[PDB]
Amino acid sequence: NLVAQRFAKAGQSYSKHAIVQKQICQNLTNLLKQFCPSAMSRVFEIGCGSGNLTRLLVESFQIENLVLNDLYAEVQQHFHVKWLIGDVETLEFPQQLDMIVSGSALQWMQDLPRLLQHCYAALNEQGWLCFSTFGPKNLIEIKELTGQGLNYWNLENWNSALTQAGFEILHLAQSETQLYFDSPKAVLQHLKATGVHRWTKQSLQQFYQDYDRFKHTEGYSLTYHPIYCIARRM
């Protein structure tokens, strides 16, 4: 017996900053372990990259066939497992899937409704669509000070698009985490390290000075805004 729920969570943490991406993959995997059976036959992963999610997925789930996708063949350097390299928005999906899973990749998509339609057509009845992406305040400090950043869907955008694509929402949540760095230069070092070129001295100095607007008692904020979703073909 499943019951609907709504929740609010809040707290503080004191953790490594270089592992944010893997931590998001761990949080998505922890959700998979709830909603999904331990055994699955056919899984398709969109945008596997280095495999931060892939490692956790095979460790927690018994898969018989795993299809991995990413834009570039260079990711296979980091690696019953098939590969489909290319733009997922034009690739032929593997068909008759038990689950489509994707961590931190859908924010790069040009036409999300059309991609969701292809996800719906490729999944079995009651097939799983499970993903993490990011919401409108992801890296908001960087967008405010540099003018660069993606335009992100909010939670209601996703709720609407998933419903029109024919999916049942089992979990849909937004999390907002402020990391507090000791100095503005530590923020840029973090972004350079985690993979998110030299700037001019003037741009750098203006950036450091403008970052005073994000100073807290704990430090200078950098915001991550992941969205987590467990959905089902209805």
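Each residue number is its position in the shown sequence, starting from 1.
The entry shows an unbroken chain from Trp108 to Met109, with no unmodelled residues of the deposited sequence in between. Missing deposited residues between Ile169 and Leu170: none, as the chain runs unbroken there. In this entry, 160-168 shows the higher mean Cα temperature factor of the pair 130-138 and 160-168.
Averaged over Cα atoms, the B-factor as recorded in the entry is higher for 44-52 than for the other of 179-187 and 44-52. You'll see in the entry that, of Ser221, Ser15, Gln12, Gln23, the Cα B factor peaks at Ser15. Out of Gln96, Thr146, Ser104, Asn154, the entry records its largest CA B-factor for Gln96. Among all modelled residues in this chain, the alpha-carbon of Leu204 has a temperature factor (C-alpha) in the middle third.
When the CA B factors of the chain's modelled residues are split into thirds, the value for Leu32 lands in the middle one. Split the chain's modelled residues into thirds by C-alpha temperature factor. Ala193 is in the middle one. Compared with the other modelled residues of the chain, the Cα B-factor recorded for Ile227 ranks in the lowest third.
Ranked by C-alpha B-factor against the other modelled residues of its chain, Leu57 falls in the middle third.
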